[PDB]
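Enquirer: pasting the first bit of my complex, frame unchanged:
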Amino acid sequence: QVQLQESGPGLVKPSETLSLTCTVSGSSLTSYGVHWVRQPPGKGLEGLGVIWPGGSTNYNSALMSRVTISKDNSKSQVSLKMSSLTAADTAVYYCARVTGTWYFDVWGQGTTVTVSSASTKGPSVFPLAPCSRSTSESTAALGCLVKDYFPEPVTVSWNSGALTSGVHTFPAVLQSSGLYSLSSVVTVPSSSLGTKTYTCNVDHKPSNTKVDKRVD
């Protein structure tokens, strides 16, 4: 089926070559165009360039010709290269499928890129369980604290994805150390907490880090 997925490094230092990859599932690149869009933090969508089925490209002038887009039809991959990166190039980058004349009918989930000289650090995961089990409260709150990571993209899932009801994952905050941290919590029926196990699944791709912490 038709799907687009961006991929690439999340941390790039100001030695400034960025390289991303857009993989297309159910759409031949000889029949569709592919457009790259980026969204800086707290900003709107900004297109970068498009590569057409024939292979020709068009680029935004504001990118000062630092952006180059290529593709390999046999590999179903579209490549994005950007040089002379500033911190202004920190954003989440989307690739979309150009169909008809013209519209973006299929969008990828986006990939986050951070431009900084700081080193990448994996996070620590700590359980968030109440001081004691309360019989009066019919609902108890569980969670896990993901602390001291960089760069920002961190994903959290509960019971390997099986538990989604009542799952709230909070946006990250920037600590005074410059390291990010976020909390993810879930509300559960308190009568059932002693039987089933609850584990939060934390993935931090910039540090090749995966951690599965059980929460009693």
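Expert: On my side now, so go ahead. Numbers count the residues shown, from 1 in each chain, chains lettered A, B, ... in the order given.

Enquirer: Contacts made by stretch A:108-118 with the rest, please.
Expert: Residues from elsewhere that reach stretch A:108-118 (Cβ atoms under 8 Å, 6 or more residues apart in numbering): A:3-14, A:16, A:18, A:20, A:22, A:39, A:85-87, A:89-96, A:150-153, A:178, A:206. (Each C-beta comes from the backbone N, C-alpha and C, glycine too.)

Enquirer: Kindly report the same for stretch A:125-136.
Expert: With Cβ under 8 Å, 6+ apart as the test, stretch A:125-136 has contacts from A:140-147, A:183, A:185, A:190, A:193-194, A:200, A:202, A:211, A:213-216.

Enquirer: Just the buried subset of those residues, please.
Expert: Buried by 16 or more other Cβ atoms under 10 Å: A:140, A:142-146, A:183, A:185, A:190, A:193, A:200, A:202, A:213, A:215, out of the contacts of stretch A:125-136.

Enquirer: Need these in TSV (columns: distance to residue A:27 and secondary structure).
Expert: Below are the buried ones among the contacts of stretch A:125-136 laid out as TSV (distance: Cβ to Cβ, whole Å; DSSP: H, G, I helix; E, B strand; the rest coil):
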residue	distance to residue A:27	secondary structure
A:140	46	strand
A:142	41	strand
A:143	40	strand
A:144	38	strand
A:145	41	strand
A:146	35	strand
A:183	38	strand
A:185	38	strand
A:190	48	helix
A:193	46	coil
A:200	35	strand
A:202	33	strand
A:213	39	strand
A:215	41	strand
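
Enquirer: Pipe those residues into a markdown table and attach distance to residue A:30 per row.
Expert: Formatted as a markdown table, the buried ones among the contacts of stretch A:125-136 follow (distance: Cβ to Cβ, whole Å):
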| residue | distance to residue A:30 |
| --- | --- |
| A:140 | 55 |
| A:142 | 50 |
| A:143 | 48 |
| A:144 | 46 |
| A:145 | 48 |
| A:146 | 43 |
| A:183 | 46 |
| A:185 | 47 |
| A:190 | 58 |
| A:193 | 55 |
| A:200 | 43 |
| A:202 | 40 |
| A:213 | 46 |
| A:215 | 50 |
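
Enquirer: one more, chain B:
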Amino acid sequence: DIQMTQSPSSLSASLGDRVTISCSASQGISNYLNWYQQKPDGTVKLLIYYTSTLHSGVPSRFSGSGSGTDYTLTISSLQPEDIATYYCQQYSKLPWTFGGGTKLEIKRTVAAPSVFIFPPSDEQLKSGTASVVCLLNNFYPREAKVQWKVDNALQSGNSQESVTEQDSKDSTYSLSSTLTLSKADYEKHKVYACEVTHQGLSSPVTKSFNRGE
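Expert: To build on what is shown above, here is chain B added in:
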């Protein structure tokens, strides 16, 4: 480039209301405008292309109209899952430019938060730092006051808040306040509490725990 402007930048409407967001171009674009919806988690999908043509699978309550330099996107009956940012996009001239987007939030009846507190994990104590977390769950409106007190002494400058976006079902927010102290400072005191003040709370509700239990 062609300039795309969307009015208003932010909008709050009740459920079942008729929503209308505007999009104006600096020059005529001859009905070459698309509408996109960005969910709070980042997902972007196409709603309408050529200013009135509904993309396959989009609910029939979405509709677009306009000509020349002025176009609109219409939601006939606002639904809870419509909480998102909406962008218009012109393809009259390269490079294709997006509008600034209109952030849509949903009004609803008052909902009181459910408060919880979490003692610093023993594993975290071994590291050298202590973080105590206060959770405000599924409340409305967004305005909520969290005050940390350690042995009845009101804290300040040592906590950070974080708020979820509006929930796709309840139209509610959730908030996490994290109080960070060093390990030595954490063991000096006994009672840790967070006091929550909210419109749906007749009087502030405090949740507390005693260290060592």
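
Enquirer: can you check the contacts of stretch A:125-136 again with chain B included?
Expert: Residues outside stretch A:125-136 that contact it (Cβ atoms under 8 Å, 6 or more residues apart in numbering or on different chains): A:140-147, A:183, A:185, A:190, A:193-194, A:200, A:202, A:211, A:213-216, B:116-121, B:123-124, B:131, B:133, B:209-210, B:213.

Enquirer: could you redo the last one with a cut-off of 6 Å?
Expert: Contact with stretch A:125-136 is made by A:143-146, A:202, A:211, A:213, A:215-216, B:118-119, B:121, B:123-124, B:133, B:209, B:213, as judged by Cβ atoms under 6 Å, 6 or more residues apart in numbering or on different chains.

Enquirer: Quick check: residues of chain A near chain B?
Expert: Counting by Cβ under 6 Å from any Cβ of the partner chain, the residues of chain A close to chain B are A:44-45, A:47, A:58, A:60, A:102-103, A:105, A:107, A:110, A:126-128, A:131, A:141, A:168, A:170-171, A:173, A:183, A:185.

Enquirer: Which residue or residues pair with residue 22 through a beta bridge?
Expert: I went with chain A, as the question did not name one. Residue A:22 has these beta-bridge partners by DSSP bridges: residue A:6, residue A:78.

Enquirer: Chain B is the one I meant
Expert: residue B:7, residue B:72.

Enquirer: Over to residue A:51?
Expert: For residue A:51, the beta-bridge partners under DSSP bridges are residue A:34, residue A:57.

Enquirer: how about it, what does it touch?
Expert: Shown in contact with residue A:51 (Cβ under 6 Å, 6+ apart): A:34, A:57, A:69, A:71.

Enquirer: The residue nearest to residue A:100 when sequence neighbours are not counted pairs with what?
Expert: Nearest in space to residue A:100, with sequence neighbours left out and distances taken as Cβ to Cβ, 6 or more residues apart in numbering or on different chains, is residue B:49 at 6.8 Å. Here residue B:49 shows beta-bridge partners residue B:53, assigned using DSSP bridges.

Enquirer: Can you read off the backbone torsions of the most far-flung residue of chain B relative to its centre?
Expert: Among residues of chain B, the one most distant from the C-alpha centroid is residue B:188; the distance is 37.4 Å, by Cα atoms, centre = their mean. Dihedral pair for residue B:188: phi -70, psi -30, per degrees, to the nearest 10.

Enquirer: following sequence is chain C, add it:
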Amino acid sequence: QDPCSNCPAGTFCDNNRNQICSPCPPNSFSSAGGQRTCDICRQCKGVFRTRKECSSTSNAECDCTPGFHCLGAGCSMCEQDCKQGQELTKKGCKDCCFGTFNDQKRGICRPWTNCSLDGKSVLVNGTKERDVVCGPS
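Expert: Chain C goes in next, on the same frame as the chains above:
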């Protein structure tokens, strides 16, 4: 069996229409059949000039605007011309030094052919535009 296979170069396929194959809109093309979008014709502006106009089935190609010449593969960039007997330096077009020449509206000056070192005599003296013409004995 693929209905888009019937749409040749110059058209694009979209199954949401009564007519599956539709002509590529003006200023757009498709160099192969079965496309479901049309490539937009590329621009030749600034220092560039449209050499070959784009059609419904082929892209436009750019040469350089008059006063400039192509440089790099496929006329990737353009470089300013100079008059014969000149040379494009970092300080603009400058006349060649005495003893050098440039017979083209591009490139650098080159020293005159030393007829004596090759065992020949000078038939025609050198010029900023022309090399020395040597002759036998």
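
Enquirer: Please re-evaluate the contacts of stretch A:125-136 in the presence of chain C.
Expert: By Cβ under 6 Å, 6+ apart, the residues outside stretch A:125-136 that reach it are A:143-146, A:202, A:211, A:213, A:215-216, B:118-119, B:121, B:123-124, B:133, B:209, B:213.

Enquirer: May I see the buried residues of it?
Expert: The neighbour-count check on stretch A:125-136 (16 or more other Cβ atoms under 10 Å in any protein chain shown) flags A:125-130 as buried.

Enquirer: Please produce TSV containing those residues, extended by distance to residue C:102 and secondary structure.
Expert: Converted to TSV, those look like this (distance: Cβ to Cβ, whole Å; three-state DSSP):
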residue	distance to residue C:102	secondary structure
A:125	71	strand
A:126	74	strand
A:127	78	strand
A:128	77	strand
A:129	83	coil
A:130	86	coil
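
Enquirer: Please tabulate those in JSON lines, including the columns distance to residue B:105.
Expert: Converted to JSON lines, these look like this (distance: Cβ to Cβ, whole Å):
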{"residue": "A:125", "distance to residue B:105": "32"}
{"residue": "A:126", "distance to residue B:105": "32"}
{"residue": "A:127", "distance to residue B:105": "33"}
{"residue": "A:128", "distance to residue B:105": "28"}
{"residue": "A:129", "distance to residue B:105": "33"}
{"residue": "A:130", "distance to residue B:105": "32"}
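
Enquirer: just curious, which of these is nearest to chain C?
Expert: residue A:125 (45.1 Å; Cβ to the nearest Cβ).

Enquirer: partners of the residue nearest to the closest one when sequence neighbours are not counted in the sheet?
Expert: Distance criterion Cβ to Cβ, 6+ apart; nearest residue to residue A:125, sequence neighbours excluded, is residue A:213 at 4.3 Å. Residue A:213 forms beta bridges with residue A:200, as assigned by DSSP bridges.

Enquirer: The host helix or strand of residue A:105 pairs with which strands?
Expert: Under the criterion of DSSP states H and E, residue A:105 resides in strand A:103-107. Paired neighbours of strand A:103-107 in the sheet (DSSP bridges): strand A:91-99 (antiparallel).

Enquirer: Dump the partner strand to PDB, restricted to CA.
Expert: Presented in PDB, the C-alpha positions along strand A:91-99 are these (Å, rounded to 0.1, in the frame of the first residue of the first chain):
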ATOM      1  CA  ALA A  91      13.200  21.400  11.900                       C
ATOM      2  CA  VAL A  92      11.200  18.200  11.100                       C
ATOM      3  CA  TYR A  93      11.400  17.300   7.400                       C
ATOM      4  CA  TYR A  94       8.600  15.900   5.400                       C
ATOM      5  CA  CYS A  95       8.400  14.300   2.000                       C
ATOM      6  CA  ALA A  96       5.100  14.300   0.100                       C
ATOM      7  CA  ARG A  97       3.900  12.700  -3.100                       C
ATOM      8  CA  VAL A  98       3.000  15.000  -6.000                       C
ATOM      9  CA  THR A  99      -0.100  13.800  -7.800                       C
END
